[PDB]
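Report on the following structure.
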Amino acid sequence: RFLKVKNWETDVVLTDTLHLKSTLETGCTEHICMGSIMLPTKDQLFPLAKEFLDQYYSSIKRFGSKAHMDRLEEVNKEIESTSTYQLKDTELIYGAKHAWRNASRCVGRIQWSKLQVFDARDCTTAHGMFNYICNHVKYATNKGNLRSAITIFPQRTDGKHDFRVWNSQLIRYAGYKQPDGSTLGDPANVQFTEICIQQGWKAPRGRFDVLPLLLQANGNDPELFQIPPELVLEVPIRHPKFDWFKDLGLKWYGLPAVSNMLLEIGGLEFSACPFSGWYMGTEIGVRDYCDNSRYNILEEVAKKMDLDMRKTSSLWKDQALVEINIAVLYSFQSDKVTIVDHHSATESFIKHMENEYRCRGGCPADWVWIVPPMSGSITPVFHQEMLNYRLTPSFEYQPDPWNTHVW
Amino acid sequence: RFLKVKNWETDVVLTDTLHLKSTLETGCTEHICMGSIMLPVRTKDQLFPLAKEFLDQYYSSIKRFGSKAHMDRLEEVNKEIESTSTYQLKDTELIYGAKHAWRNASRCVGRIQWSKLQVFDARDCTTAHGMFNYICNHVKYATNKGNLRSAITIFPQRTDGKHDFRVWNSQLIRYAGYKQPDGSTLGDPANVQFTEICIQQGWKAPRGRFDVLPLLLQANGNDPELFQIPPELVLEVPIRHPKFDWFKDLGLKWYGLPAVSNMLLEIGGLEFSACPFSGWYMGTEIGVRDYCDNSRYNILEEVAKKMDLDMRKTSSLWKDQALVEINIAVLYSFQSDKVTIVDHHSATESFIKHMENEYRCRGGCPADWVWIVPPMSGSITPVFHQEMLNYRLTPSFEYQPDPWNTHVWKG
Ligand code: HEM
Ligand code: HEM
Ligand SMILES: Cc1cc(N)nc(CCc2cc(F)cc(CCCN(C)C)c2)c1
Ligand SMILES: Cc1cc(N)nc(CCc2cc(F)cc(CCCN(C)C)c2)c1
Ligand SMILES: C[C@H](O)[C@H](O)[C@H]1CNc2nc(N)[nH]c(=O)c2N1
Ligand SMILES: C[C@H](O)[C@H](O)[C@H]1CNc2nc(N)[nH]c(=O)c2N1
Ligand SMILES: [Zn+2]
C-alpha cells in the first residue's frame, strides 16, 4: 500500500503515498497491463465538490476552518438549488494548476505552479472566444519569450450547451490529399481541414498553411476565424553546419497549444480550455518531421547528407534524426523563441519528481510518454521507475465535436 | 472477452483473445499501473492443476487432445505427484516447454525466432564440474564460430529448495568490475559485487578493463565452485568504426554471445532454477546500454571529444551524435568479423510481423512496450507506434533472488 520506485542509474529509492488519494481508473487489471494503450447528476456532484474543496482548503492551511465549512455548506446549498455550482476565482486558478500538476504524461510539470489562468467564463459567443484566444496567443507568445497559459471557457451545463474549440491545437498546419494520391502539408490534419472547407474556409492548398479556428459557443454551431498572422510566431528551420538544410523549406510554429482536452475541477467540466507552454525539441524534430504518418522527411534529409540508405544497419535514419533535431533547437534558439532539449527537460523532471515525492508524497507519471522518442536511455527518465495513476483535477481526452454535434 | 490494440502509424487493429489464458499477476490494478516497475518448495495441492494445464496445452499443440495418450499421461503424472510429490517431464514436453517460455517472454523483441531453439537436457547433471562441462558445450554450440545459434541448457528442477542448481553468474560471459580506493571503477561497474565474490572465492583477477569472469556454479544446493571458461571458446569482437580510424584506439571490444543464466524456467509447475539460454545481440544492447549508460562503461564523453563535438551545451546534442556513431561501430565490427548481430530497425520490424502472425495464429502476443522499444531512436522504429498488451502466460522465465543472498553456506 506504500509503494517504492527505484532509479536504476542512481539507486535512489522514493516512497509513494500519494497514489492512495487516486480516484479515476487506469484501464489496467491484475491480469493485464494496458500501459501502452494511448486511449483507454446532483448525487454525483457534491462528493466531488467536497473532495476538491477539502484539498483546496488543506492547501491554504485552513482545513476544518469556518471558512472551509461555510464554503462547503454554500456549495452544498448551491448544488441542491441549481444542480451545479460556480468556482471562486481562487479555486479555478488552483484547479487548473493542479490539473497540470496531475498530468502524468507531461514531462514539463516542474513549471506547474507558474501558469497564467485567463478566466473566460463570461464568454457567450464564438467571436468572444476568438478574442479571448487571440489574447491568449499574444500573451503566451510574448515575442518569443514564451509564458505558460490556459484560457477557460464556461463549464458544461446539460451537455447541450458545450463550448468547444474544434481545433486539436490552436496553431497547426493544414492537410490536403492530392489527386497524385500523395499528401500535401500535415497528414494528421487532413480530416479537420476538410471540415474547415465544408464549413467555408478558403484553403490556399499550401504545405504549411496555418489552420483557421473553428469555435463553438453555448452548444451552438461552430464558426470560422483566422488568427492574425502577426500573432502566429513561426521559425524557419536551418542547420548550423549544413547550408543546404534551408532549401528543404521547413518551418514550424513557436506555440504548442492544446485545445481539444477537457478540464475537470471539483466535478465540474470545462470542455473548452486551451493551454500552452513551450516545445521540447523532439516534439517537432522527431515526431512532427520524422514520423512516417507525418511530414516524414527522413529520406529527403538522408539523401542530402549522402548516406548509404541501402542497409538499415548503417543507421542512416538515426544519423539524419540527430541532425534534424540539432537544426530545430538551433533555429529556435537563434530566433530567441523558447525551446527545451530532451536532456534538459528530462533532467528538470527528475528534479520535479524528487520535489513532489518530498513535498506531496508522490508524482504520477506515465513512463511510456515521459521518455523522449529519441536517445531514451541516455536521458535520466529512462532509468526511473514511475507509478502511473489518475488524480483530479485533471485534463481528460474527450470525443471530437463533429461526431457529437447535433448540427 | 475481446481486446483491441491499434498501431498508430498504420491504423492496423488487432484483437486479443489469448489474454483470457492469463494466470499469473501483472502488479497493476484498476488504481495503479506498475508498467515501468522493473521487478515484481511447492505443495502437491497446487501442483497437479499446474501440470494438467500444461499437459492440456502440450497435447492440444500436437493435436492429440483427449487422446488415450493424453489421458494416460495425466494419469501417470497425477500418480507420480501423489507418490513422489513431484514429477518428471518427458523430453518432448521439456522442449515444448522451453520454447514456449521464450515465446511467452513479453519483454523479448527477438521472439520471431522462438521455434528455433536448441534444447540441451542437462537433467542428469549432479556436480558443479558436470555443470561446467555442459555450459562449455552450450557455449561452443551456440557460438558456432560466429554463426550464432539459440540454445538453452536445462539443469535439474528444484525439489525442496535446499538442493537448487544455480549458475551464480547473471550471464555466462561478462566482464569483471573493480572498485578502486579512489572510487573510480575499472572494467564493468555493473559487475563489481559479483567480481568481489569471485575474488573471495579464490579467483585470481588480472584486473583489466575486459576480464571475462570465471563461472561460479552451484550443484544440488552445495557451495558454488569456480571454473574458467576456456578462452578459445569465448568469441570476442574488437570495436572499430568504418570512417573514424581513431575509434579502434578507444580499446573497446565485446563478447559475441549474450547468454542469460540467472533466471528461472517454470514449466507445468516445475521450477528449473538453472537454465542458461543464449541468442544473439541486438546492437543497441552493447552500443547504447553497455557502452553508454552512465552506470556502465560510460564512453560518451571520450567519443564526443574525439569527434570534436560542441560539448558545452546539451542542445548541441553531442551525446545523441556520439551515441549514433558508437552504435554504427558495434554493428560494423560484428558484421565485419561475421558474428551474428541484428540492428534495432531490423529487429523491431521483424517483431511487428511476428506479433501480427501471433495474433492471427494464437489470438495474441503478450508484449511489454517499456522493454520492447529500443533505448535509442524509439519512434523511428515501428514498435513505438504499436499498442501492446502485457500479461503473463506459462511456461515462463521468471526472476529469482540472487543466490548469494539466499544460499546457506556449507563451508
Ligand atoms: C511549459 C513547458 C511544457 C513542456 C516542455 C511540456 C512538455 C510536454 C510533452 C513533450 C508532452 C508529450 C506530448 C506529445 O508527445 O504529444 C506533454 C504532454 C502533456 N502536457 Fe505538457 N508541456 C509543457 C506545458 C504544459 C502546460 C502549461 C500544460 C497544462 C496547463 C501541460 C499539460 C499537458 C498534458 C495534459 C499532456 C498530456 C496530453 C495528452 O495526454 O495527449 N503541459 N507535455
Ligand atoms: C535470438 C536472438 C534474440 C534477440 C535478438 C533477443 C533480444 C532481446 C533483447 C534486446 C532483450 C532486452 C535485454 C535487455 O535489455 O537487457 C531481450 C530480453 C529477453 N529475452 Fe530475448 N533475444 C533473443 C533470444 C532469446 C532467447 C533464445 C531466449 C530464451 C530461450 C530469450 C528470452 C528473453 C527473456 C526471458 C528476456 C527478458 C529478460 C529480462 O526480463 O531481464 N531471448 N531479448
Ligand atoms: C502545452 C504543451 C506543451 C508542449 N511542449 N507540448 C504540447 C503538446 C503539443 C502538441 C502539438 C500538436 F500540434 C500536436 C500534439 C499531439 C497530437 C495528438 N497526439 C496525441 C498524437 C501535441 C503541449
Ligand atoms: C538470450 C538473449 C539475447 C539477447 N539479444 N540479449 C539478451 C540479454 C543479454 C544481456 C547480457 C548482459 F550481460 C546483461 C543483460 C541485462 C542485465 C540486467 N539489466 C536489468 C541490467 C542482458 C539475452
Ligand atoms: C502506442 C504508444 O502508446 C504510442 O506510440 C505513444 C508512445 N509514447 C508516446 N509518448 C509521447 N510523449 N507522445 C506520444 O504520442 C506517444 N505515443
Ligand atoms: C525503470 C525502467 O523500467 C527501466 O529503466 C527499464 C526500461 N526499459 C528497459 N528495456 C530494456 N530492453 N532493458 C532494460 O533494462 C530496460 N530498463
Ligand atoms: Zn499497467
Side-chain angles (χ1 to χ4, degrees), chain A residues 5-9 38-39 100 103 105-108 140 146 148-150 167-173 186 188-189 252-253 255-260 274-281 283-284 287-288 291 294 339-340 345 367 369 371 376-377 381-386 397, chain B residues 8 35-39 98-99 101-114 116-119 142 148-152 170-171 258-260 262-263 265 275-285 288-290 293 340-342 344 346-347 350-351 368-375 396-399:
Chain A
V5 299
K6 177 175 184 165
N7 182 297
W8 289 87
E9 188 190 340
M38 193 187 300
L39 308 172
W100 184 8
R105 285 177 167 173
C106 177
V107 70
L146 303 214
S148 301
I150 179 162
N167 310 52
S168 56
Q169 289 71 31
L170 298 183
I171 299 182
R172 278 196 102 169
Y173 297 127
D186 201 330
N189 302 327
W252 207 251
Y253 48 91
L255 195 69
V258 170
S259 54
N260 65 2
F275 60 87
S276 58
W278 51 81
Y279 268 120
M280 175 166 77
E283 293 182 77
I284 304 168
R287 305 305 311 285
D288 295 337
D291 264 16
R294 295 298 297 290
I339 191 163
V340 64
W367 191 103
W369 269 64
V371 176
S377 68
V381 286
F382 179 94
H383 310 270
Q384 179 68 58
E385 293 182 347
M386 304 175 186
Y397 301 105
Chain B
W8 285 88
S36 70
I37 305 310
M38 187 176 311
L39 311 176
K99 285 181 190 194
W102 183 9
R103 191 186 186 176
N104 295 336
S106 66
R107 287 179 170 172
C108 175
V109 69
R111 285 178 283 165
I112 189 167
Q113 293 279 338
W114 74 271
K116 301 112 204 260
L117 173 62
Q118 182 58 222
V119 180
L148 273 42
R149 296 185 285 200
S150 308
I152 180 170
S170 52
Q171 292 79 24
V260 166
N262 64 0
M263 293 181 83
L265 169 58
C275 61
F277 57 83
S278 61
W280 51 81
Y281 266 118
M282 179 164 70
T284 52
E285 297 180 77
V288 185
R289 308 302 308 291
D290 298 335
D293 272 10
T340 310
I341 197 171
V342 66
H344 54 284
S346 176
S350 288
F351 180 76
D368 181 345
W369 193 102
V370 167
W371 272 62
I372 294 294
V373 182
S396 63
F397 291 108
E398 302 297 345
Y399 299 110

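As the structure lists them, so they are numbered: ligands from 1, and atoms in each ligand from 1. Sequence lines set the chain letters: A, B, ... in the order given, protein chains first and strands last, and positions in each chain run from 1.
Applying the salt bridge (charged side-chain N to carboxylate O under 4.0 Å, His left out) test to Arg107(B) and every residue at least two apart in sequence or in another chain returns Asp368(B).
Atoms of ligand 2 found under 4.0 Å from any heavy atom of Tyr399(B), numbered from 1 in the order shown, are 39 (C), 40 (O), 41 (O). Numbered from 1 in the order shown, with element, the atoms of ligand 2 that lie under 4.0 Å from a heavy atom of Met282(B) read 10 (C).
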Legend entry - Residue pair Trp369(A), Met386(A): steps toward the side chain to side chain contact (heavy atoms under 4.5 Å, CB included) verdict: CA-CA 11 Å; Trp369(A) 269 64; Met386(A) 304 175 186; over 6 Å; no
Legend entry - Stepwise side chain to side chain contact (heavy atoms under 4.5 Å, CB included) check, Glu283(A) with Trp252(A): CA-CA 11 Å; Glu283(A) 293 182 77; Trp252(A) 207 251; over 6 Å; no
Inset, instruction - For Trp8(A) and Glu385(A), run side chain to side chain donor-acceptor pair (under 3.5 Å): C-alpha distance rounded to whole Å, both residues' side-chain angles, the deciding distance at 0.1 Å, then the answer. - result: CA-CA 8 Å; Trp8(A) 289 87; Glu385(A) 293 182 347; 2.8 Å; yes
Inset, instruction - Begin from the C-alpha positions of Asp293(B) and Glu9(A) and carry the test side chain to side chain contact (heavy atoms under 4.5 Å, CB included) through to its verdict. - result: CA-CA 8 Å; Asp293(B) 272 10; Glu9(A) 188 190 340; over 6 Å; no
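Across every non-hydrogen atom of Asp288(A) and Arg294(A), the tightest pair is OD1-NH1, 2.8 Å. Here the closest heavy-atom approach between residue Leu148(B) and residue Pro258(B) is recorded as CD2-CD, 4.5 Å. Smallest separation of non-hydrogen atoms from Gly277(A) and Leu255(A): O-CD1, 4.0 Å. Across all their heavy atoms, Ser106(B) and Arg111(B) have their closest contact at O-NH2, 3.5 Å. The nearest pair of heavy atoms linking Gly376(A) to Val371(A) is CA-CG1, 3.8 Å. Listed here is the closest heavy atom pair of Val342(B) and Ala347(B): CG2-N, 3.8 Å.
Regarding atom 2 (C) of ligand 2, its nearest protein heavy-atom neighbour is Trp280(B) N, 3.5 Å. The shortest contact between atom 29 (C) of ligand 2 and any protein heavy atom is with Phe277(B) CD1, 3.3 Å. Closest to atom 15 (O) of ligand 2 among all protein heavy atoms lies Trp371(B) CZ3, 3.8 Å.
In this structure, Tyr253(A) and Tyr173(A) have perpendicular ring planes: the angle between them is above 60°, well past the 30° mark. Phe397(B) and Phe277(B) have tilted rings, their planes meeting at an angle from 30° to 60° on a 0 to 90° scale.
One finds the CD atom of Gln171(B) at 12.0 Å from the OG atom of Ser278(B) (value rounded to the nearest 0.5 Å). Taken from OG in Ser346(B) to CE in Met282(B), the straight-line distance is 10.5 Å, to the nearest 0.5 Å. Atoms CG and CD, from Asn7(A) and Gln384(A) in turn, are 4.5 Å apart once rounded to the nearest 0.5 Å. The NZ atom of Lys99(B) lies 11.5 Å from the CD atom of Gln113(B); values are rounded to the nearest 0.5 Å.
Residue contacts with ligand 2, taken as heavy atom pairs separated by less than 4.0 Å, involve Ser278(B) solely via the backbone atoms N, CA, C and O. Residue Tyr281(B) does not touch ligand 2, judged by heavy-atom distances below 4.0 Å.
Residue contacts with ligand 2: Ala98(B) is excluded, as none of its non-hydrogen atoms falls under 4.0 Å. Assignment of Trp114(B) to the shell around ligand 2 is not supported, since no heavy atom sits closer than 4.0 Å.
Side-chain contact between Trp100(A) and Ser148(A) is present, with at least one heavy-atom pair separated by less than 4.5 Å.
A heavy-atom cutoff of 4.0 Å around ligand 3 is satisfied by the protein residues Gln169(A), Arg172(A), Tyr253(A), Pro256(A), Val258(A), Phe275(A), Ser276(A), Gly277(A), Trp278(A), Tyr279(A), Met280(A), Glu283(A), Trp369(A). For a heavy-atom separation below 4.0 Å, the residues in contact with ligand 6 are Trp367(A), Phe382(A), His383(A), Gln384(A), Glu385(A), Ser36(B), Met38(B), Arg289(B), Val370(B), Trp371(B).
Counting only protein N, O or S atoms, 1 lie closer than 2.8 Å to atom 21 (Fe) of ligand 2.
Remark: among candidates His344(B), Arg103(B), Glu285(B), the nearest residue to atom 10 (C) of ligand 2 is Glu285(B), based on non-hydrogen atoms.
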